[PDB]
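>>> Experimental structure and sequence below.
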Amino acid sequence: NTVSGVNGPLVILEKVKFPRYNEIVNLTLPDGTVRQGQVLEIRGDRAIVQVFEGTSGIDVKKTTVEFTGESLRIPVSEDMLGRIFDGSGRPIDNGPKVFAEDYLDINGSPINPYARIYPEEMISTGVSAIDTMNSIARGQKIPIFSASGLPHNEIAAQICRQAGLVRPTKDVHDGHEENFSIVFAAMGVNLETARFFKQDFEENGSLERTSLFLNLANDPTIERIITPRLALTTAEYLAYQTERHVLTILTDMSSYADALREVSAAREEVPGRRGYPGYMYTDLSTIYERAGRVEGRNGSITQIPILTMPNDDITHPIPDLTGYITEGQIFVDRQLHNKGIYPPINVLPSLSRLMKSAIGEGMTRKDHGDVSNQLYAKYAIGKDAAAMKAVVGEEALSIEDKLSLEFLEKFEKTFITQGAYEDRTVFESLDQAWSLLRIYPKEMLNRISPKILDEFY
Amino acid sequence: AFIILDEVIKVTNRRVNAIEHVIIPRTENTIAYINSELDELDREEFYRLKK
Amino acid sequence: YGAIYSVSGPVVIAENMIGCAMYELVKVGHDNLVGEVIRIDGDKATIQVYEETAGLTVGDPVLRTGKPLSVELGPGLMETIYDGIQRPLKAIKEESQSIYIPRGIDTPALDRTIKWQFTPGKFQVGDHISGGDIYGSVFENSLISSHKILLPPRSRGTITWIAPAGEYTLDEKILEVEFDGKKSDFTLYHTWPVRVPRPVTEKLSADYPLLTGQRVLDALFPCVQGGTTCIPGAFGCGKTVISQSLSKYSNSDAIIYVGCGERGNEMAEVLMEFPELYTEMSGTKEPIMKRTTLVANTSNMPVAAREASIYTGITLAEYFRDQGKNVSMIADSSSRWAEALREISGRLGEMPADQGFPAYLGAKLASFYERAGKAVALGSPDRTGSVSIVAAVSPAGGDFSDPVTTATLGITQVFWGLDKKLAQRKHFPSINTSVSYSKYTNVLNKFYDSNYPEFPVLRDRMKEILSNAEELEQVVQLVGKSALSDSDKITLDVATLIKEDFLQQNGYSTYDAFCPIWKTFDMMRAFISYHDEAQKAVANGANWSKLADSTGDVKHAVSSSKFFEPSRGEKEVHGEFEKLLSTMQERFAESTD
Amino acid sequence: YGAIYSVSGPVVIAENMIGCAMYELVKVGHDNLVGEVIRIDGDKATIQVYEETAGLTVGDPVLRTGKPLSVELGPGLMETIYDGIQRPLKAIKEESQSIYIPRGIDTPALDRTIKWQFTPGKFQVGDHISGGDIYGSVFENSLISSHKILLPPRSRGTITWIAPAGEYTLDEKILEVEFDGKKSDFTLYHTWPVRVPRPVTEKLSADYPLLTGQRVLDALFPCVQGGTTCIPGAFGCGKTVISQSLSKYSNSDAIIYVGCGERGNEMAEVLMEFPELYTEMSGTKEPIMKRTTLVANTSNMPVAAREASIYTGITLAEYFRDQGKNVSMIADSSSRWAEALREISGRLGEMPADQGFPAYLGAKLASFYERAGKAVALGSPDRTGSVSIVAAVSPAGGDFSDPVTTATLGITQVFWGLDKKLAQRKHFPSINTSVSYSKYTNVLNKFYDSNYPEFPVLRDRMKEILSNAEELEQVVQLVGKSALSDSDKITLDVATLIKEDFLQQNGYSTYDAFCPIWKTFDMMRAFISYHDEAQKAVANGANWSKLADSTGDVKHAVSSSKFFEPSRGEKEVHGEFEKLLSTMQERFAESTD
């Protein structure tokens, strides 16, 4: 019928109960503009839907209604790589056509193609600290945890720009058996960050194999929160259709959490703690639910989201709830970035739950896990020995604190230092990590096997 | 007197460096955590009171 | 029955509905989605639909089941992977063409295309029968019958028809009970509601020790079968490695794996790694997967399977405990079910509690923790059973003052701590003496001291050494290393070496994660005798650096004992600790002089 | 149109909603008070009032303006002070004889007391037109016109009637557009919503090499037009002197001053102090007031003008960027608009959030920084435009760790600190390299280095020399000066002269508020060459007093070169700094031998 009222971003219009849940509807205004949305709430003689175009300026009695009768679906095809589109899936940003040979509806999963085995193949990004300390798999997800004041766009642009040169060397090692794709979806970012990421992607040479999703803060939050589901659905449809491991970057997580956390006071739902709604765990788990092995046993989906904290505190629901759903995370310390080591991602709180399944005997060294665990324990022991040695001084410094601080300074200034385009292998990083870890004594090292210690010091 | 002042200077510098290094961050983080928990509890009480 | 008048979000309203029980499950619409009738408002009933809605239009009919949601209790449960709503992923993988359960599909909680071998037990024709009696058995494991055929609870009568030996289907009657005429026919599987606890004869105190195969877990705080334990996690404790090592290296005949919102890759890694592994009880033909029942849930899966996953796992643990076999219940995690109940409370539009969780989470967690435990099995035979509930929790905002961790840790009697400093060095899990405690270790110290060495004195000496090393680490870190004697350096170094070698229970193989109680008792007794001889040797005149540097390979040899296999020596007792104790006793006399 | 149904608190409710949108602003009652309908509930509309509701009874008429609440773009914008709701204070001072907006008084959005001469551009009768194209020219000042008459965005058609040259008012029409019949009448003033971003041709990265008049700020970091940078403040701790000195010392075509939540004392001092200053653009016609746009809203005004003040200034800066000119937008501060959004949200009935801030502040903070930027100008001409956003940050919750400064620091890519001791030392600004950072210096040093720059090598060695001298000052203070190296005293002496000559600036003369890039690059290259020649001379064997006494008039002459005129080499190059390299090389060669 007509629109009853409007509260916040969602519009409460009155109509019949013929539409279903997630049914596409069109609202006609008297100014010559049409707005499309999805029915999020259906009731008797009234409905509550969120429009993807605009958040204000809706008529009450001078508006018309039109029923589409089709559910909300994203058109995915095998030619989406090499095009620019908006957050609503429209070709208005000077990109390719939005046509697709296939159309599948979304309700949380396209076919529910979850993996039923552990990931064996390991994907290298070109960083000795990131790939060495966190063995990323073909289905495992590892997000980057940063703060307000750190170059997260340079780390994500360096990780995305590293794909294209380390992948041909890693393909010969049996780490990958197909072509790689990239899915970039921007939400709540500036024009300089999207132009710098598109300039780095065009300068790297992956413009025809990557996807461009541009979402700004001036657009609606429903289209910004719906853009990562369409980008992950198009990346999962391209990875399932082509049998190629696709890497998806979801940045920023604070804009997607702020989009769902924005409509929490203009509805009949009771929000949770910190102002966010109580259903944020299902929305955050919905992005991680579309990751893992794909159908066919030749394709997988990689999740590498960028999370920026809006307060710089580690006790938050976005970092704890987002990091609790994924397997591990990569934390960026301000102390490492303030000294000058690039990148500032430290391996102290970083870890990988599937690091043992990602490493094998044909694509990585067998002693990489013992040197990674001994280097991870020696990094925290060197940080605690440097922190105790800084306060204590040189009057009560232990003998192991000098070798731990020397190995922490040499490992932080040797293994942590790396260029934005310099390629590095895990075999040379393990050989340099064995020589850097060889300064410790044999009695101190007790977290490794005796055959690996006798074979290499 | 020189050995006494040289003996006391290391204890004073180590105590000032240890207390100044370890003093601020525990209560500085706990005060903001308790204030954030009290503000979240007050907003959760007012949000239930408005309904 | 009724008609769907309003459907908004996960809450659906259907007017003209009859019944509308609080725990009754029904499927609304033509898609047959999983749902549950929460409450009613006048002539309409408000049903909460947990399954994904992708085209369910309002105006279709609603069919009520007429009873609460539950699972089947019979043969064919082991060696199968199902969801929390009793959905077979094996038939849904080939039939539906997807690895995950999709929306708009119907599947029962028991297979109808498989047959089981029926064997006659002690219940014959002419004798009286009751609820919980073992009327038969099914050959599932090579050592004992895992799936035992039993009658339903709250029943009685005489067995008029006894089926012979042979294979039979789950849709044909093989047993008949006569109680005031023809009562009804019985099948291989039994029906039981998931929202109701199983009956039992009587409760008893837990006195059976349950081994988990962890040196840090059993060495830190001993626990027996039939208790409750809470572990606060931060995504660094390693619940998957402790669940796979607790299921494989455990001493229980059955394992109940319940997924309450995991990523999916950890359940597929343990599921694929479970068939290639070897059972400790001499099992063959997938002994790890055949003796373990795994319920897998996802973060984007339905909330009804995540909320009923703990009730289905506790109902399966109670049904397996009623037959007379030991079962271990591992819950991962209670914070995922509490977040689903908090999201259901926010979606319902009711007055919630602090932190978003509901007020019924404490009563449901106290009833779920109080439902598990050791007791006598139901039935005329009166067999002995036990169910150990181990549920991990995590915060929802980055703090440990949540109601799920405080309510779960308050009702439980066992606490497993987690340290960020010990967890940062790759220690899964990091359990300290200050953040852990257990009162059942004193009762377990009698049988553990009778059938094994004196672990109770080494536990109190290790806790007293860790309590002094914990204050000695902050005292040495705050003031400095120039204000302590040489006696505290051996306790701090011995507590750091014992905490490092005992805390790390992950390793890089199958030898650094399964350790017996005798190896941890001999390793703790070697470090306790080395620290006690080093304190008496340093008390008579000596240096801490001269004693620690004078030890050399004697200290690293005891720390390197965990890298060896657990099959050395006689059966579990390694002979290297006896020579290491004599070498430490011989080095103690040389360190003094 | 509508009638007043009920009034509860500061928000008035008006019924008879038969098509009125929830984005258009209307005046309720006969007083024509400012108000806007934020939401609608059925037939009655909920309108928030930013003023006193005294004198409004049930049954008052409500008339909408016919468009959303935005600012008007027309000629005669310089040398005028207005509010965020299009309220001129000059008409209120003439008619009402006050400064604050009185209740029951309404003024026009554009001043109708001053008329400008409109000239025809390159559009003839029957020529094609589009949105953003230059249709003509309008005089905005008595010396030079900068107000480019353009069509509205998102429109096109054919010019059927073109007016001739002459002076006309803003209310009268001068042009008519024909698109699908009689489209509408066109005038000099155009409408634009404050909550809608202005369109453009294409957006790009900020790489325009434009200076802002800061010698120490431009020397420490390369200034670009179109970037995002935040500056910390303390409510009058030195941010007003840096904003007034930056706006007065700037050499851009336009300047945008936005006062959202100021106390009112700096607004009169900025308006009265702006005409007394002397601009550096070759003109004396009140260039400080005429060359800048003043929008000042005090704390005793409505929250709609203070919240929409930054949107109106950003919309005027977007219109000036769309006209084909680079403008600098300086707004202080966003804490008053963030507190006004929570104050309007609390009175309107919005739910709370973390730290007392609303949920729309996160999207509005990203939309505010995303609204400004450097890109191609919209229209057929395709001109180059840029908008530099300079927003001040202050506490609004009781500390500097609020979500406004935290989200603004993470959203912005440049940070500029402000020390209180440096502000007390008469140094403006007092930011250091260890408390600030910027990632856009690569593009500004790439283009400005592309013209004739030496800013990269002197800037990296200057930042490393200041960071080494700042760390060496604590070691020289604590440990002393009788045990350090001789290079640390030369680095601290060069850092003290570079920080004293570069950081020391308070607008003492015309040469201290406007320095060229070649003079700063030669001044930093002379200090870097003097520090490198002093370190190379001291490394080969020499005394510090022989080099410091050997310099003499060169060190005092190098510091006093900033008070002279910059026309030494051709018109902007310093000729004394080029000849100092031969005396520094002769003194370095004489000090070595």
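Cool, got the structure. Numbers count the residues shown, from 1 in each chain, chains lettered A, B, ... in the order given.
>>> so residue 15 is in which element?
Looking at chain A here, since you left the chain open. Counting by DSSP states H and E, there is no helix or strand that carries residue A:15.
>>> should've been chain B
Applying DSSP H and E, one finds residue B:15 within helix B:2-22.
>>> can you list contacts of that helix?
For helix B:2-22, contacts defined as CB atoms under 8 Å, 6 or more residues apart in numbering or on different chains pick out A:390, A:391, A:392, A:393, A:395, A:396, C:478, C:479, C:480. C-beta coordinates here come from the backbone N, C-alpha and C atoms, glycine included.
>>> Please enumerate the strands of the stretch 351-500 of chain C.
C:375-376, C:384-393, C:414-415, C:437-438 (DSSP state E, counting those that start in this stretch).
>>> about what we covered before: what element comes up after the helix holding residue B:15 heading to the C-terminus?
On the C-terminal side of helix B:2-22, the nearest following helix or strand under DSSP H and E is helix B:24-50.
>>> Spell out whether that following helix and chain C are in contact.
Yes: among the residues of helix B:24-50, B:33, B:37, B:40, B:41, B:44, B:48 lie within reach of chain C under CB under 8 Å from any CB of the partner chain.
>>> filter those to the buried ones?
B:33, B:37, B:40, B:44 (16 or more other CB atoms under 10 Å in any protein chain shown).
>>> Quick check: buried residues in the helix ranked longest in chain A?
Taking DSSP state H as the criterion, chain A has its longest helix at helix A:368-392. Buried residues in helix A:368-392, counted by 16+ other CB under 10 Å: A:368-386, A:388-389, A:391-392.
>>> likewise stretch A:93-109?
A:95, A:98, A:100, A:106, A:107, A:108, A:109.
>>> can you list these in JSON lines and add secondary structure?
Shown next, in JSON lines, are these (DSSP: H, G, I helix; E, B strand; the rest coil):
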{"residue": "A:95", "secondary structure": "coil"}
{"residue": "A:98", "secondary structure": "coil"}
{"residue": "A:100", "secondary structure": "coil"}
{"residue": "A:106", "secondary structure": "coil"}
{"residue": "A:107", "secondary structure": "coil"}
{"residue": "A:108", "secondary structure": "coil"}
{"residue": "A:109", "secondary structure": "coil"}
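>>> Tell me the one among the residues you listed nearest to chain C.
residue A:107 (3.2 Å; CB to the nearest CB).
>>> residues in contact with the residue nearest to the closest one when sequence neighbours are not counted?
Among residues not flanking residue A:107 along the chain, residue C:54 sits closest, at 3.2 Å (CB to CB, 6 or more residues apart in numbering or on different chains). Residue C:54 makes contacts with A:21, A:22, A:71, A:105, A:106, A:107, A:108, C:103, C:104, as judged by CB under 8 Å, 6+ apart.
>>> can you put those in a markdown table and add distance to residue A:32?
As requested, these are exported to a markdown table (distance: CB to CB, whole Å):
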| residue | distance to residue A:32 |
| --- | --- |
| A:21 | 30 |
| A:22 | 27 |
| A:71 | 27 |
| A:105 | 30 |
| A:106 | 31 |
| A:107 | 34 |
| A:108 | 36 |
| C:103 | 38 |
| C:104 | 39 |
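>>> which residues in the stretch 301-450 of chain A form strands?
Counting by DSSP E, counting those that start in this stretch, one finds strands in the stretch 301-450 of chain A at the ranges A:306-308, A:330-331.
>>> follow-up on the earlier one: near chain B too, which of the contacts of helix B:2-22?
A:390, A:391, A:392, A:393, A:395, A:396, C:478, C:479, C:480.
>>> of those residues, closest to chain B?
The closest of those to chain B turns out to be residue A:391 (CB to the nearest CB; 4.5 Å).
>>> from memory residue C:513 sits against residue C:507, does it?
Yes: using CB atoms under 8 Å, residue C:513 is in contact with residue C:507, at 5.2 Å.
>>> which non-adjacent residue is nearest residue A:81?
residue A:209 is the one closest to residue A:81 (CB to CB, 6+ apart), at 5.2 Å.
>>> Contact partners for the one you found?
Residue A:209 touches A:81, A:82, A:179, A:180, A:181, A:182, counting by CB under 8 Å, 6+ apart.
>>> farthest-separated two in the residues you listed?
A:82 and A:180 (14.3 Å; CB to CB).
>>> More neighbours: the two, which one.
For residue A:82 versus residue A:180, the count of surrounding residues by other CB atoms under 10 Å in any protein chain shown is larger for residue A:180: 21 against 14.
>>> Which residues does the strand or helix carrying residue A:5 contact?
Using DSSP H and E, the element containing residue A:5 is strand A:3-7. Outside of strand A:3-7, the residues within contact range by CB under 8 Å, 6+ apart are A:11-14, A:27, A:46, A:56, A:58-60, A:63, A:266-267, D:22, D:39-42.
>>> tell me how far that strand is from the chain's mean position?
Chain-centre distance of strand A:3-7: 36 Å, with CA atoms, centre = their mean, to the nearest Å.
>>> nearest residue to residue A:410 other than its sequence neighbours?
The nearest residue in space to residue A:410 (CB to CB, 6+ apart) is residue A:436, at 5.7 Å.
>>> Was I right to think that neighbour contacts residue A:411?
Yes: Residue A:436 is within contact range of residue A:411, at 5.3 Å (criterion: CB under 8 Å).
>>> Which neighbours do those two have in common?
By CB under 8 Å, 6+ apart, the residues touching both residue A:436 and residue A:411 are residue A:375.
>>> I'd like the distance between the residue of the stretch 1-150 of chain A found nearest chain B and residue B:36.
When scored by CB to the nearest CB, the stretch 1-150 of chain A has residue A:7 as its residue closest to chain B, at 14.0 Å. Distance from residue A:7 to residue B:36, counting by CB to CB, to the nearest Å: 28 Å.
>>> circling back: a markdown table for the buried residues of stretch A:93-109, including distance to residue A:221?
Listed next are these as a markdown table, based on distance: CB to CB, whole Å:
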| residue | distance to residue A:221 |
| --- | --- |
| A:95 | 23 |
| A:98 | 21 |
| A:100 | 25 |
| A:106 | 18 |
| A:107 | 20 |
| A:108 | 19 |
| A:109 | 23 |
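>>> nearest to chain D, of those?
Within the buried residues of stretch A:93-109, distances to chain D taken as CB to the nearest CB reach their minimum at residue A:95, with 13.2 Å.
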